[PDB]
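Q: Below is the file structure33.tsv, which contains TSV, C-alpha atoms.
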```tsv
chain	number	residue	atom	x	y	z
A	1	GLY	CA	-48.90	51.25	72.39
A	2	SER	CA	-47.13	47.97	71.69
A	3	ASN	CA	-44.59	45.55	73.20
A	4	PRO	CA	-41.17	46.05	71.55
A	5	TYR	CA	-40.03	42.59	72.71
A	6	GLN	CA	-42.87	40.62	71.11
A	7	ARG	CA	-41.59	38.19	68.42
A	8	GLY	CA	-43.30	35.76	66.10
A	9	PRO	CA	-46.84	34.71	65.30
A	10	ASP	CA	-49.66	34.16	67.76
A	11	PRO	CA	-49.13	30.86	69.59
A	12	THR	CA	-51.39	27.86	69.48
A	13	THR	CA	-51.38	24.62	71.40
A	14	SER	CA	-50.21	22.83	68.24
A	15	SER	CA	-47.47	25.34	67.52
A	16	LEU	CA	-46.10	25.16	71.08
A	17	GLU	CA	-46.21	21.32	71.20
A	18	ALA	CA	-44.34	20.93	67.88
A	19	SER	CA	-40.63	19.99	67.72
A	20	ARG	CA	-39.82	23.45	66.36
A	21	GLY	CA	-41.30	26.92	66.54
A	22	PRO	CA	-41.51	29.43	63.70
A	23	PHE	CA	-37.86	30.49	63.46
A	24	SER	CA	-35.00	28.68	61.76
A	25	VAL	CA	-32.14	27.62	64.03
A	26	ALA	CA	-28.36	27.68	63.68
A	27	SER	CA	-25.64	26.83	66.18
A	28	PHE	CA	-21.93	27.07	66.84
A	29	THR	CA	-19.39	25.81	69.37
A	30	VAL	CA	-17.78	28.48	71.55
A	31	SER	CA	-14.12	28.60	70.51
A	32	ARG	CA	-12.62	29.97	73.74
A	33	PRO	CA	-15.05	29.32	76.62
A	34	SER	CA	-14.41	31.75	79.49
A	35	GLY	CA	-15.34	30.67	83.02
A	36	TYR	CA	-16.86	27.28	82.15
A	37	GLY	CA	-15.86	24.08	80.30
A	38	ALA	CA	-17.49	24.23	76.87
A	39	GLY	CA	-20.56	25.67	75.20
A	40	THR	CA	-22.84	25.43	72.21
A	41	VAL	CA	-24.86	28.48	71.21
A	42	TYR	CA	-28.21	28.02	69.45
A	43	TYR	CA	-29.89	31.01	67.84
A	44	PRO	CA	-32.82	31.96	65.62
A	45	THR	CA	-31.64	33.06	62.21
A	46	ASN	CA	-34.80	35.08	61.41
A	47	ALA	CA	-36.45	36.32	64.64
A	48	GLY	CA	-36.85	39.86	63.22
A	49	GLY	CA	-35.40	41.63	66.25
A	50	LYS	CA	-33.14	41.10	69.25
A	51	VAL	CA	-34.00	38.24	71.57
A	52	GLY	CA	-33.22	37.31	75.16
A	53	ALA	CA	-30.55	34.77	76.05
A	54	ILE	CA	-30.78	31.68	78.26
A	55	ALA	CA	-27.94	29.65	79.80
A	56	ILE	CA	-28.61	25.98	80.50
A	57	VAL	CA	-26.47	23.85	82.84
A	58	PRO	CA	-26.37	20.02	83.09
A	59	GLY	CA	-26.38	17.95	86.25
A	60	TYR	CA	-23.64	16.24	88.25
A	61	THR	CA	-21.79	13.66	86.10
A	62	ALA	CA	-23.58	14.97	83.01
A	63	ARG	CA	-22.79	16.97	79.88
A	64	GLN	CA	-24.59	19.15	77.32
A	65	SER	CA	-26.34	16.08	75.82
A	66	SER	CA	-28.53	15.79	78.95
A	67	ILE	CA	-30.13	19.23	78.43
A	68	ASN	CA	-29.44	20.31	74.86
A	69	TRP	CA	-32.85	19.42	73.34
A	70	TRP	CA	-33.79	22.81	74.79
A	71	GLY	CA	-31.32	24.58	72.47
A	72	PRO	CA	-33.18	24.14	69.18
A	73	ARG	CA	-36.58	24.08	70.87
A	74	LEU	CA	-36.17	27.49	72.58
A	75	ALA	CA	-34.09	29.03	69.78
A	76	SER	CA	-36.85	28.20	67.26
A	77	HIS	CA	-39.25	30.35	69.31
A	78	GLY	CA	-36.89	33.33	69.58
A	79	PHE	CA	-34.13	32.97	72.20
A	80	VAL	CA	-30.36	32.67	72.07
A	81	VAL	CA	-29.48	29.59	74.11
A	82	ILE	CA	-26.10	28.51	75.44
A	83	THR	CA	-25.81	24.92	76.67
A	84	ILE	CA	-22.67	24.38	78.71
A	85	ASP	CA	-20.32	21.77	80.03
A	86	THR	CA	-18.92	22.65	83.42
A	87	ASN	CA	-15.24	22.81	84.25
A	88	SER	CA	-15.73	19.41	85.97
A	89	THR	CA	-18.72	17.13	85.81
A	90	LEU	CA	-18.39	16.94	89.61
A	91	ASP	CA	-18.98	20.69	90.15
A	92	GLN	CA	-21.48	21.58	92.86
A	93	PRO	CA	-24.52	23.90	92.56
A	94	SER	CA	-22.83	27.15	93.57
A	95	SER	CA	-20.03	26.52	91.08
A	96	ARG	CA	-22.64	25.69	88.44
A	97	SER	CA	-24.29	29.04	89.15
A	98	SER	CA	-20.99	30.92	88.72
A	99	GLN	CA	-20.37	29.11	85.43
A	100	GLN	CA	-23.95	29.74	84.23
A	101	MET	CA	-23.48	33.46	84.81
A	102	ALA	CA	-20.07	33.34	83.07
A	103	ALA	CA	-21.81	31.71	80.10
A	104	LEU	CA	-24.37	34.53	79.98
A	105	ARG	CA	-21.57	37.08	80.08
A	106	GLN	CA	-19.89	35.29	77.16
A	107	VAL	CA	-23.13	35.33	75.13
A	108	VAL	CA	-23.25	39.08	75.78
A	109	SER	CA	-19.60	39.34	74.68
A	110	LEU	CA	-20.26	37.33	71.53
A	111	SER	CA	-23.28	39.45	70.62
A	112	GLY	CA	-20.94	42.41	71.03
A	113	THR	CA	-18.19	40.97	68.80
A	114	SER	CA	-18.30	42.11	65.21
A	115	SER	CA	-18.64	39.19	62.74
A	116	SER	CA	-19.58	36.63	65.42
A	117	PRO	CA	-22.57	34.47	64.39
A	118	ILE	CA	-24.81	36.30	66.85
A	119	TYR	CA	-23.52	39.87	66.40
A	120	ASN	CA	-26.17	42.28	67.75
A	121	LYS	CA	-28.76	39.50	68.02
A	122	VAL	CA	-29.09	39.47	71.82
A	123	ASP	CA	-30.97	41.89	74.06
A	124	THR	CA	-28.17	41.95	76.63
A	125	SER	CA	-30.63	43.17	79.32
A	126	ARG	CA	-32.96	40.13	78.99
A	127	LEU	CA	-31.34	37.00	80.37
A	128	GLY	CA	-32.62	33.75	81.85
A	129	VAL	CA	-31.44	30.53	83.47
A	130	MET	CA	-32.28	26.83	83.20
A	131	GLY	CA	-30.61	23.56	84.19
A	132	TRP	CA	-30.98	20.05	85.52
A	133	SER	CA	-30.55	18.70	89.05
A	134	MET	CA	-27.44	20.32	90.56
A	135	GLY	CA	-27.64	22.66	87.54
A	136	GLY	CA	-31.24	23.37	88.52
A	137	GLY	CA	-30.12	24.25	92.02
A	138	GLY	CA	-27.46	26.39	90.37
A	139	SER	CA	-30.19	28.17	88.36
A	140	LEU	CA	-32.08	28.99	91.57
A	141	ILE	CA	-28.83	30.30	93.09
A	142	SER	CA	-28.33	32.38	89.95
A	143	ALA	CA	-31.82	33.85	90.33
A	144	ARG	CA	-31.26	34.57	94.03
A	145	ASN	CA	-27.93	36.28	93.35
A	146	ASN	CA	-29.02	38.12	90.16
A	147	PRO	CA	-32.51	39.64	90.42
A	148	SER	CA	-31.96	41.36	87.06
A	149	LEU	CA	-32.59	37.94	85.41
A	150	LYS	CA	-35.97	37.88	83.67
A	151	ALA	CA	-36.92	34.21	84.11
A	152	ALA	CA	-35.76	30.90	85.56
A	153	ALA	CA	-36.98	27.41	84.61
A	154	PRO	CA	-34.91	24.71	86.39
A	155	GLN	CA	-35.79	21.05	86.00
A	156	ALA	CA	-35.63	18.38	88.73
A	157	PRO	CA	-33.57	20.81	90.80
A	158	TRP	CA	-31.30	19.66	93.63
A	159	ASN	CA	-29.83	21.94	96.30
A	160	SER	CA	-28.88	21.64	99.98
A	161	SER	CA	-30.32	25.04	100.97
A	162	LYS	CA	-34.07	25.20	100.26
A	163	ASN	CA	-34.73	28.81	101.19
A	164	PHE	CA	-35.29	30.86	98.02
A	165	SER	CA	-37.67	33.32	99.72
A	166	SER	CA	-35.70	36.33	98.39
A	167	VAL	CA	-36.17	35.34	94.73
A	168	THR	CA	-38.11	37.91	92.67
A	169	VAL	CA	-37.34	36.32	89.27
A	170	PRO	CA	-40.38	34.57	87.68
A	171	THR	CA	-39.59	30.88	88.32
A	172	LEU	CA	-41.02	27.71	86.77
A	173	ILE	CA	-39.98	24.57	88.58
A	174	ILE	CA	-40.25	21.55	86.32
A	175	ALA	CA	-40.38	18.51	88.60
A	176	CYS	CA	-40.46	14.77	88.10
A	177	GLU	CA	-43.09	12.79	90.03
A	178	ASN	CA	-40.94	9.69	90.59
A	179	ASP	CA	-37.70	11.50	91.20
A	180	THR	CA	-35.53	9.48	93.63
A	181	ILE	CA	-32.35	11.57	93.21
A	182	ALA	CA	-33.85	14.99	94.01
A	183	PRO	CA	-37.12	13.80	95.57
A	184	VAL	CA	-39.76	16.47	95.17
A	185	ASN	CA	-40.67	16.84	98.88
A	186	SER	CA	-36.98	17.47	99.72
A	187	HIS	CA	-36.04	19.64	96.71
A	188	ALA	CA	-38.48	20.97	94.10
A	189	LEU	CA	-41.41	21.56	96.46
A	190	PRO	CA	-39.48	23.25	99.31
A	191	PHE	CA	-37.92	25.53	96.69
A	192	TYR	CA	-41.36	26.33	95.22
A	193	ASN	CA	-42.99	26.81	98.64
A	194	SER	CA	-40.20	29.09	99.89
A	195	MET	CA	-40.91	31.69	97.17
A	196	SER	CA	-43.55	34.29	98.07
A	197	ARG	CA	-42.33	37.36	96.13
A	198	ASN	CA	-42.58	36.23	92.51
A	199	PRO	CA	-44.62	34.67	89.71
A	200	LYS	CA	-43.96	30.98	90.19
A	201	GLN	CA	-45.16	27.60	88.99
A	202	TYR	CA	-44.78	23.95	89.95
A	203	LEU	CA	-45.14	21.58	86.99
A	204	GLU	CA	-44.75	17.94	88.00
A	205	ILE	CA	-44.41	15.38	85.22
A	206	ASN	CA	-46.50	12.24	85.70
A	207	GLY	CA	-44.36	9.14	86.13
A	208	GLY	CA	-41.16	11.08	85.59
A	209	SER	CA	-37.80	9.81	86.71
A	210	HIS	CA	-35.08	12.32	87.68
A	211	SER	CA	-34.27	12.61	83.96
A	212	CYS	CA	-37.91	13.30	82.92
A	213	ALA	CA	-37.13	16.69	81.27
A	214	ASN	CA	-33.80	15.66	79.70
A	215	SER	CA	-32.97	15.15	76.03
A	216	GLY	CA	-34.92	12.23	74.61
A	217	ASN	CA	-37.77	12.48	77.12
A	218	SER	CA	-41.28	11.30	76.12
A	219	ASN	CA	-42.97	14.58	77.13
A	220	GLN	CA	-41.32	17.17	74.88
A	221	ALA	CA	-44.75	18.34	73.70
A	222	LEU	CA	-45.90	19.40	77.18
A	223	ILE	CA	-42.54	20.29	78.70
A	224	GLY	CA	-41.42	22.29	75.69
A	225	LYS	CA	-44.79	24.08	75.49
A	226	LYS	CA	-44.54	25.13	79.14
A	227	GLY	CA	-40.87	26.13	79.10
A	228	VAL	CA	-41.25	28.22	75.95
A	229	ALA	CA	-44.46	29.79	77.25
A	230	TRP	CA	-42.84	30.75	80.54
A	231	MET	CA	-39.81	32.28	78.84
A	232	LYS	CA	-42.02	34.16	76.36
A	233	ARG	CA	-44.30	35.48	79.07
A	234	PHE	CA	-41.51	36.68	81.36
A	235	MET	CA	-38.42	37.28	79.16
A	236	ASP	CA	-40.47	39.08	76.48
A	237	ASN	CA	-43.41	40.31	78.60
A	238	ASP	CA	-45.47	38.57	75.90
A	239	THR	CA	-49.05	38.55	77.14
A	240	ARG	CA	-50.17	36.31	74.30
A	241	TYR	CA	-48.49	33.61	76.39
A	242	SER	CA	-50.22	34.44	79.68
A	243	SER	CA	-52.74	31.57	79.17
A	244	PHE	CA	-50.14	29.03	78.21
A	245	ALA	CA	-47.68	30.12	80.92
A	246	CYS	CA	-50.06	30.61	83.84
A	247	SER	CA	-52.89	28.13	83.37
A	248	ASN	CA	-53.16	24.50	84.31
A	249	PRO	CA	-52.44	22.64	81.01
A	250	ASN	CA	-55.03	19.95	81.96
A	251	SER	CA	-52.61	17.27	80.79
A	252	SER	CA	-52.48	13.53	81.51
A	253	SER	CA	-48.69	14.07	81.52
A	254	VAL	CA	-48.92	16.32	84.65
A	255	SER	CA	-49.30	14.77	88.11
A	256	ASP	CA	-49.30	18.08	90.07
A	257	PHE	CA	-49.78	21.70	89.01
A	258	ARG	CA	-49.45	24.76	91.27
A	259	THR	CA	-48.99	28.45	90.43
A	260	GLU	CA	-49.03	31.84	92.12
A	261	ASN	CA	-48.76	35.46	91.04
A	262	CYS	CA	-49.25	34.42	87.39
A	263	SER	CA	-52.45	35.82	85.72
A	264	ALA	CA	-53.95	33.67	82.90
```
Could you show the structure in this file as structure tokens?
A:
Amino acid sequence: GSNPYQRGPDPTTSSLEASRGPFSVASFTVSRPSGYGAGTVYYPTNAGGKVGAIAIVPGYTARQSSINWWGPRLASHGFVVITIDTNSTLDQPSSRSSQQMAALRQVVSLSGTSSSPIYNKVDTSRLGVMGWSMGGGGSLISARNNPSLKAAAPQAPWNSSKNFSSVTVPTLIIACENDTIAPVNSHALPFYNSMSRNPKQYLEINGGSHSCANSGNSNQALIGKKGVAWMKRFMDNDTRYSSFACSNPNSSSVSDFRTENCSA
């Protein structure tokens, strides 16, 4: 008769393009990271119920600063977000995947720890994955290896293997038109095209370099709208976001849009 995961007010274009959603955000540094280098956890202080959790991994040679604009942006719409540093900045995609999953397990542990900042705030069954470049490849690996995940939204992903045909997790691939590190016809698009079993989307950012979805990017209105919408639609089953998640945004900031198995 209702959706027990639905949080917050009805979305609008304006509300999804803003710097912050409806919820207030707080954060903390993980004191004793387990299975990864470091982490910051971002959370809504006033979501009104448990929320899903998302682990976000940087790229090769990069740190939390590359991807952490997502922390406040997603948390303010009703997600617990952990942004990590890897054990080494040189870690490869499969290692990044292992560390991403370790970070999710630690969020679950923290939600289960009395007097932690996020005690009982996480729906431990509703988890998702994001990350940049090798961390984006790692997110796809995570999805392949962990079909219980509710959503994936890698950005400018890089991976040697391109065959994600087994993936059943709803997956948004954020791509960068002018990517010359993970060029789209070698990385993002083969990954997208390999997937026949899931809701999926290809969102290519017009003029984007490899770092087009990183902190400080010039397209936070569009990219943040789409990432939040995807996570709402699939992490929360929130059908108010079906339009925003599944439809072509008709944006001058998008150079290519493709989607399948996603009803608007």
Q: Choose the residue, out of A:133, A:92, A:237, A:27, that has the smallest atom-to-atom separation from residue 76 (chain A); count all atoms listed in the file.
A: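 Smallest distance to residue 76 (chain A) is found for A:27.
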Q: Restricting the calculation to only C-alpha atoms: of A:124, A:94, A:40, A:99, which residue gets closest to residue 140 (chain A)?
A: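 Closest candidate: A:94.
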Q: Which polymer residues have any atom within 12 Å of an atom of residue 73 (chain A), counting all atoms listed in the file, with same-chain residues fewer than 2 positions away left out, as a ChimeraX atom specification?
A: /A:15-26,42-44,67-71,75-81,215,220-221,223-229,231
Q: Rank nothing, just name the residue among A:110, A:212, A:57, A:62 nearest to residue 34 (chain A), using only C-alpha atoms.
A: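 When distances to residue 34 (chain A) are compared using only C-alpha atoms, the smallest one comes from A:110.
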Q: Between CA of residue 249 (chain A) and CA of residue 148 (chain A), what distance in Å does the model show, to one decimal?
A: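 These atoms are spaced 28.4 Å apart.
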Q: Determine the nearest neighbour of residue 49 (chain A) from the options A:65, A:106, A:86, A:120, counting all atoms listed in the file.
A: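 Once distances to residue 49 (chain A) are computed over all atoms listed in the file, the minimum belongs to A:120.
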Q: Would you mind telling me which residue in A:56, A:89, A:107, A:165 lies nearest to residue 139 (chain A) when using only C-alpha atoms?
A: A:56
Q: What does the distance from CA of residue 82 (chain A) to CA of residue 50 (chain A) come to in Å, to one decimal?
A: 15.7 Å
Q: Could you name the residues that touch residue 173 (chain A) at 8 Å or less, counting all atoms listed in the file, but leaving out those on the same chain fewer than 2 positions away, as number ranges by chain?
A: A: 153-157, 171, 175, 188, 192, 200-203
Q: Do you have the CA of residue 213 (chain A)-CA of residue 170 (chain A) distance handy?
A: 19.3 Å
Q: With distances taken over all atoms listed in the file, which of A:41, A:230, A:151, A:137 is nearest to residue 191 (chain A)?
A: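 Of all the options, A:137 lies closest to residue 191 (chain A).
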Q: Can you pull out every residue within 7 Å of residue 143 (chain A), counting all atoms listed in the file, but drop anything in the same chain fewer than 4 positions away, and send it as a PyMOL selection string?
A: chain A and resi 139+147+149+152+167+169
Q: Which residues are near residue 180 (chain A)? Cut-off 9 Å, all atoms listed in the file, ignore same chain within fewer than 4 positions. Put them as a list in words.
A: residues 184, 209 and 210 of chain A
